[PDB]
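J.: These protein sequence lines are chains A and B, in that order. Residue numbering for the first sequence follows PDB author numbering, beginning at 1 and increasing consecutively. Residue numbering for the second sequence follows PDB author numbering, beginning at 1 and increasing consecutively. All C-beta atoms, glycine included, are put in the ideal place defined by N, C-alpha and C.
Protein chains: 2
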Amino acid sequence: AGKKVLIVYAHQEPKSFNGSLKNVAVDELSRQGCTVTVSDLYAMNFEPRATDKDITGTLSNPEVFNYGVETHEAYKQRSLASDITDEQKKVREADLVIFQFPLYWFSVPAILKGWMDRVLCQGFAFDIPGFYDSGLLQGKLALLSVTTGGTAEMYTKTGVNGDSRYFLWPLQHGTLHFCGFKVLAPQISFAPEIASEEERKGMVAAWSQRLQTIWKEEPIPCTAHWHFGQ
Amino acid sequence: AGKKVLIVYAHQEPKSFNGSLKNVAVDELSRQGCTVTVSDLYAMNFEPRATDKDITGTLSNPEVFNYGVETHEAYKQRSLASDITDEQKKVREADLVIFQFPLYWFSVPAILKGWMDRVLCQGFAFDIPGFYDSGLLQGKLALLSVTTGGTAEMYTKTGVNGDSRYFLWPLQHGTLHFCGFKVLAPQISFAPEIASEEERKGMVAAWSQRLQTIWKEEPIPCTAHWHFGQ
Ligand SMILES: Cc1cc2nc3c(=O)[nH]c(=O)nc-3n(C[C@H](O)[C@H](O)[C@H](O)COP(=O)(O)OP(=O)(O)OC[C@H]3O[C@@H](n4cnc5c(N)ncnc54)[C@H](O)[C@@H]3O)c2cc1C
Ligand SMILES: Cc1cc2nc3c(=O)[nH]c(=O)nc-3n(C[C@H](O)[C@H](O)[C@H](O)COP(=O)(O)OP(=O)(O)OC[C@H]3O[C@@H](n4cnc5c(N)ncnc54)[C@H](O)[C@@H]3O)c2cc1C
Ligand SMILES: C=Nc1c(Cl)c(N)c2c3c(cc(C(N)=O)nc13)C(=O)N2C
Ligand SMILES: C=Nc1c(Cl)c(N)c2c3c(cc(C(N)=O)nc13)C(=O)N2C
Ligand SMILES: [Zn+2]
Ligand SMILES: [Zn+2]
Numbered sequence: 001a002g003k004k005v006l007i008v009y010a011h012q013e014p015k016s017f018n019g020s021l022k023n024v025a026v027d028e029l030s031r032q033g034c035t036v037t038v039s040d041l042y043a044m045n046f047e048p049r050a051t052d053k054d055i056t057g058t059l060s061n062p063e064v065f066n067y068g069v070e071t072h073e074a075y076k077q078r079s080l081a082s083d084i085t086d087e088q089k090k091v092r093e094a095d096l097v098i099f100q101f102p103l104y105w106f107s108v109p110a111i112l113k114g115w116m117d118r119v120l121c122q123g124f125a126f127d128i129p130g131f132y133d134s135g136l137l138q139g140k141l142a143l144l145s146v147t148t149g150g151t152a153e154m155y156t157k158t159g160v161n162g163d164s165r166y167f168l169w170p171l172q173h174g175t176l177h178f179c180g181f182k183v184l185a186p187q188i189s190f191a192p193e194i195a196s197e198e199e200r201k202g203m204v205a206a207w208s209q210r211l212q213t214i215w216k217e218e219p220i221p222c223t224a225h226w227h228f229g230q
Numbered sequence: 001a002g003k004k005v006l007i008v009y010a011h012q013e014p015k016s017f018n019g020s021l022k023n024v025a026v027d028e029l030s031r032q033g034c035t036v037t038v039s040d041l042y043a044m045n046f047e048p049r050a051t052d053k054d055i056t057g058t059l060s061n062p063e064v065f066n067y068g069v070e071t072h073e074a075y076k077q078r079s080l081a082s083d084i085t086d087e088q089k090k091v092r093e094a095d096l097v098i099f100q101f102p103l104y105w106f107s108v109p110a111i112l113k114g115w116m117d118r119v120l121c122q123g124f125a126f127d128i129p130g131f132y133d134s135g136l137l138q139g140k141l142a143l144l145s146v147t148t149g150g151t152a153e154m155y156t157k158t159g160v161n162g163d164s165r166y167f168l169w170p171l172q173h174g175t176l177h178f179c180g181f182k183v184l185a186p187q188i189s190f191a192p193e194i195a196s197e198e199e200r201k202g203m204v205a206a207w208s209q210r211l212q213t214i215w216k217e218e219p220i221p222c223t224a225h226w227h228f229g230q
C-alpha cells in the first residue's frame, strides 16, 4: 500500500511448487492491500521468438531486417505488437517486478527469455544513452524467485555447479540492472523435489514471510564484486 | 575433413553479420571435406516453449504436469515430438556443434534457449547420475560463436559489462559441460555495428582462418577458475 506489483510467472502446472510460490505471493501482497497483476506466460501462450511480426504496419527497412532497430522505431511510433505493449504497460505501472520460475539450464525458461527479449526493448527499458544507471526503468524494483533441481551444496563456489550468484549475473546485472532496475536479493528455493514436505512448507512459508516485509528491503549492490568477489 | 559439424544458427536475417559468420563456417568446413548441417531456427519456426505438446503418448502423471519427468519418460518410450527428435539426431551424429548467435540479454536469443531446453532432455543429453564429465554427449565438442552490441572494452573485468567470460558460464558450464561436451574457446565478434567495413571483413576472415585449424585445438578447462579467475 500504495504499491503495484507485477509477477511474471513461468511454469506450466498450477499445482507445482512454482505455482504455489506464485499463489502465496498473490495472497500475501493482496492481503497487504497492494495492487497485483500476474503474467502467466504459458497460460497466455506467450510468443518467445523475436521476429518481424513484433512490428505492425510497414517495416522501417524491409530489405534487411534488424530486430533491434525495428522494435526501437516501432516503440517510438506506437507500432509494437499488442502482446508486447500489454506487457510494457504492466511493467510501466509496476513498482516491483517479481519473476517466478524454475531454473532451466542456469537461466530462465525460454518462454521467460522471450518475454525479456521482446518486452524490454530499446526506447522502453533503456536507450543507447539509456543504460545501467541511465536505464529507463530506474525507480523500479525487481526480484528473482527461482527454484532449482540441484541442492544448495551443489551451488557453492567449489560444488559441481558453482555459486548460485554465478548464474544470476546475466539476469540480475546484464538484464535487470541494465534496464535501470534496483535488484532485491534473490529468493532461491533449492531442490524442492528432494526436500520433504514440510521443508517444502518451510520454503513456501519463508517466501510468504519474506513478502511481509519486502518493502523494507534495500537493493543489492549489483556489481561484479557481489556476484563473483569476496 | 573427417568429421560431422552441426551449426545451430539463431538470426532472423540472412544478410546479417551472424549470417555471414554462419556462411563462412559452412564454406570453410565444406572446403575442408567436413560433413556440415545447419539448423536455422528462425527459418524452421522452431518451437521454444517447453509444453505438454512435446509429449504425444500417455503421460506418466496426467493430473500434475512435470516437464522434466514427462520428457525423460517420452524420450525412453519414443513419444517425443518429432521436431525435438529431429534435432537430437543431428546432435547424435555431430562431432562438433557450433552455436552462432547474437548475444541477447547476456545469453542466447530465446529461440535458441528453447532449443537447449527442449532438445537436451534427460536420457538423451545427461542422466542423473551421468552429467558433467559423465554427461551423455561426452566425446563431442561444442563452440559458442557470439556477436555483441557491446565493445571488447565494455566486456572487461573493470568495464560496465564485466568480463566476457562471466556471461559464458551458464552456457559453457551449466549447459554444454553438464551434457558432457568438451568446450572449445568461444569466438566472440565484438560490436560489428560500430566497426568499420574493413574491421567487419576482418572479423569474418579471423573466424574463417580459425576454422582452418579447428580440429587441432584443445578444449578450455571449463571451470569456475577459467571463467572468474582467483
Ligand atoms: C529444461 C530443464 C532444464 C533445467 N535446468 C536446470 C538447471 O540448470 N539447474 C538446476 O538446478 N535444475 C534444472 N532443472 C530442474 C528445475 O529447475 C526443477 O525441476 C524445478 O526448479 C522444480 O520446481 P517445480 O516447481 O517444477 O517443482 P515441482 O516438481 O512441481 O515441486 C516439487 C514438489 O513440491 C510439491 N509442492 C507443490 N506445492 C507445494 C506446497 N505448497 N507445499 C509443499 N510442497 C509443495 C509438489 O507437489 C512436488 O511434489 C531443469 C529442468 C528442466 C525441465
Ligand atoms: C533483444 C536484444 C538483446 C540484446 N542484448 C545484448 C546484450 O546483452 N549485450 C550486447 O552486447 N548486445 C546485446 N544486443 C545487441 C546484439 O547482440 C547485436 O545487435 C548483434 O550481436 C549484432 O549482430 P548482427 O549479426 O545482428 O549485426 P548486423 O547489424 O547484421 O551487422 C552489422 C553490420 O555488418 C554488416 N555485414 C554483414 N555481413 C558482413 C560481411 N560479410 N562483411 C562486412 N560487413 C558485414 C551488416 O550489413 C551490418 O552493417 C541485443 C540485441 C537485441 C535485439
Ligand atoms: C542442467 N540441466 C538439468 C535438467 Cl535439464 C533437468 N531436467 C534436471 C537438472 C537437475 C539438476 C541440475 C543441476 N545442474 O544441478 N541440472 C539439471 C535436476 O534435478 N533435473 C530434474
Ligand atoms: C543489454 N541489452 C542490449 C540491447 Cl537489448 C540492444 N538492442 C543493444 C545492446 C547493445 C549493447 C549492450 C551492452 N550490454 O553492451 N546491450 C544491449 C547494443 O548496441 N544494442 C543495439
Ligand atoms: Zn549490476
Ligand atoms: Zn565447465
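1. Could you spell out the range, first to last residue, of the beta strand (DSSP E) harbouring B:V64?
2. Going along the chain, which residues of its own chain have a beta-carbon closer than 6 Å to the beta-carbon of A:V26, five neighbours each way excluded?
3. For ligand 6, is there a heavy atom less than 7 Å away from the beta-carbon of B:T223?
4. Any chance the CB of B:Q172 is under 7 Å from a heavy atom of ligand 8?
5. Does the CB of B:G174 have a neighbour CB from chain A at under 8 Å?
6. Going by the beta-carbon positions, is the gap between A:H11 and A:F101 smaller than 8 Å?
7. Report the start-end ranges of each alpha helix (DSSP H) in the stretch 1-88 of chain A that is 4 residues or longer and not cut off at the edges.
8. Could you say if the stretch 140-154 of chain B and the stretch 188-195 of chain B meet the contact criterion of at least three C-beta pairs nearer than 8 Å?
9. Reducing DSSP to helix, strand and coil, say where B:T175 ends up.
10. Would the C-beta of B:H227 count as close to ligand 1, meaning under 7 Å from any of its heavy atoms?
11. What is the DSSP secondary structure of A:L137, counted as helix, strand or coil?
12. Thinking just about the alpha-carbon of each residue, which of B:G229, B:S208 and B:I111 is nearest to the one in B:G162?
13. Is any non-hydrogen atom of ligand 3 found closer than 7 Å to the C-beta of B:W115, if you look at the structure I gave you?
14. With a CB to CB cut of under 8 Å and the five nearest residues on each side skipped, what residues in its chain are close to A:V108?
15. Helix, strand or coil: how does DSSP classify A:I188 here?
16. May I ask you to list the residues that DSSP assigns as paired with B:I98?
17. Specify the secondary structure class of B:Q122 as computed by DSSP and reduced to three states.
18. Could you list which residues in chain A have their beta carbon closer than 7 Å to that of B:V160, in chain order?
19. Please check if any C-beta of chain B sits within less than 8 Å of the C-beta of A:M116.
20. Using CA coordinates, which residue listed in A:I55, A:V64 and A:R92 is at the minimum distance from B:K15?
21. Taking all protein chains shown into account, do 16 or more other C-beta atoms lie within 10 angstroms of the C-beta of A:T71, making it buried, or fewer, making it exposed?
22. So residue 232 of chain A is in the alpha helix (DSSP H); what residue range does that whole segment cover?
23. Establish whether the CB of B:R49 and some CB of chain A are separated by less than 8 Å.
24. Under 8 Å: do the stretch 122-133 of chain A and the stretch 131-148 of chain B share three or more Cβ pairs, one atom per stretch?
25. If you count every other CB in all the chains shown that lies within 10 Å of the CB of B:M203, and 16 or more means buried, which is it?
26. List, in chain order, every chain A residue whose beta-carbon is nearer than 8 Å to that of B:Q12.
27. Tell me, please, whether the stretch 87-94 of chain A touches the stretch 68-87 of chain B by the rule of three or more beta-carbon pairs shorter than 8 Å.
28. Please identify the residue among A:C179, A:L168 and A:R118 whose C-alpha is closest to the C-alpha of A:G130.
29. Please identify the residue among A:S20, A:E93, A:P221 and A:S189 whose C-alpha is closest to the C-alpha of A:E153.
30. Does ligand 5 have even one heavy atom less than 7 Å from the beta-carbon of A:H177?
31. In or out: A:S20 buried (at least 16 other Cβ within 10 Å) or exposed?
32. Pull up the DSSP beta-bridge partners for A:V183, would you.
33. I'd like the list of long-range same chain contacts for B:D40, defined as Cβ closer than 7 Å, with 5 residues on each side in sequence excluded.
34. Got a sec: does ligand 2 put a non-hydrogen atom nearer than 7 Å to the Cβ of B:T147?
35. Note down the Cα distance separating B:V24 from A:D52, rounded to an integer number of angstroms.
36. In terms of DSSP beta bridges, what is B:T148 paired with?
T.: Concretely, from the data shown:
1. Per DSSP, B:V64 belongs to no beta strand (DSSP E) and is neither H nor E.
2. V36
3. yes
4. Because ligand 8 does not appear in the structure shown, any question about it cannot be addressed here, the ligands present being ligand 1, ligand 2, ligand 3, ligand 4, ligand 5 and ligand 6.
5. yes
6. yes
7. Under the rule that a run must span 4 or more residues, the alpha helix (DSSP H) segments found entirely inside the stretch 1-88 of chain A read 17-32 and 67-76.
8. They touch, by the three-pair rule.
9. helix
10. It does not: the Cβ of B:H227 is nowhere closer than 7 Å to a heavy atom of ligand 1.
11. coil
12. B:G229
13. no
14. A10, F99, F101, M116 and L171
15. strand
16. According to the DSSP secondary-structure assignment, B:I98 is paired through a beta bridge with B:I7 and B:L143.
17. strand
18. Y132
19. By this cut-off, A:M116 is an interface position.
20. When the alpha-carbon of B:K15 is set against those of A:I55, A:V64 and A:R92, the nearest one is in A:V64.
21. buried
22. There is simply no residue 232 of chain A to check, as chain A begins at 1 and stops at 230 in what is shown.
23. Chain A, which has a Cβ nearer than 8 Å to the Cβ of B:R49, makes this yes.
24. Taking a cut-off of 8 Å for Cβ pairs, the stretch 122-133 of chain A and the stretch 131-148 of chain B do not touch, as fewer than three such pairs fall below it.
25. B:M203 is buried by the Cβ-count criterion.
26. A50, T51, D52, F65 and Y67
27. no
28. A:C179
29. Nearest option by C-alpha distance: A:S189.
30. yes
31. buried
32. In DSSP, A:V183 forms a bridge with A:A142.
33. Taking B:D40 as the centre and dropping the five residues before and after it, the same chain places the C-beta of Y9 closer than 7 Å to its C-beta, in chain order.
34. yes
35. 25 Å
36. B:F190
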